[PDB]
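1. Structural data only, the sequence is not supplied:
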């Protein structure tokens with residue numbers, strides 16, 4: 001481990017990195033202009049043990065047509081990119 005004392009700042013740098021990771025993954029899956037909107041909430045908590053919880057919603061136009069997992073791929077890509085980003089600190 002080679003980081004800082006995890007408080008609101010560090011935890012939001014991670015919440016923002018996770019939000020961008022899903023957003024950029026959604027943009028490498030389907031266009032921001034085929035999308036009506038996206039709703040992404042990243043939660044991180046510490047109660048003797050560490051919790052990280054990622055909720056993402058992807059709202060396409062009533063005309064678009066995309067893959068039956070394209071959102072789940074973004075959240076999984078964020079969780080697995082977090083697990084390997086943490087391999088840089090926890091192995």
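-> Good, I have the coordinates. Numbering: from 1, shown residues only.

2. what's near enough to touch the nearest residue to residue 30 once chain neighbours are set aside?
-> Of all residues not flanking residue 30 in the chain, residue 66 sits nearest, at 4.9 Å (C-beta to C-beta, 6 or more residues apart in numbering). (Each C-beta comes from the backbone N, C-alpha and C, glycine too.) By C-beta atoms under 8 Å, 6 or more residues apart in numbering, the contact list for residue 66 reads 29-30, 34, 60.

3. Filter those residues down to the buried ones and express that as a PyMOL selection.
-> Buried residues among these (16 or more other C-beta atoms under 10 Å), as a PyMOL selection:
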select buried, resi 29+30+60
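
4. Closest one to residue 5 out of the contacts of residue 66, please.
-> residue 29 (35.5 Å; C-beta to C-beta).

5. Residue 56: what secondary structure?
-> strand (DSSP: H, G, I helix; E, B strand; the rest coil).

6. what bridges to it?
-> residue 40 (DSSP bridges).

7. Look at it and say how many residues are nearby.
-> Residues lying near residue 56 (other C-beta atoms under 10 Å) number 20.

8. What's the separation between it and residue 91?
-> The spacing between residue 56 and residue 91, counted by C-beta to C-beta, to the nearest Å, is 28 Å.

9. Residue 2 too?
-> 11 Å.

10. can you check residue 31 too?
-> 38 Å.

11. When these two are compared, which one has more neighbours?
-> Between residue 31 and residue 91, residue 31 has the larger neighbour count (other C-beta under 10 Å), namely 12 against 6.

12. so what's residue 64 up against?
-> Per C-beta under 8 Å, 6+ apart, neighbours of residue 64: 30, 34-35.

13. switch the cut-off to 6 Å
-> Residue 64 makes contact with residue 34, according to C-beta atoms under 6 Å, 6 or more residues apart in numbering.

14. repeat for residue 52
-> Per C-beta under 6 Å, 6+ apart, neighbours of residue 52: residue 44.

15. And the helix or strand encompassing it, what's buried?
-> Assessed by DSSP states H and E, residue 52 sits inside strand 49-60. By neighbour count on 16+ other C-beta under 10 Å, the buried set for strand 49-60 is 52, 54, 56, 58, 60.

16. Got phi/psi on the residue nearest to residue 30?
-> phi -140, psi -180 (degrees, to the nearest 10).
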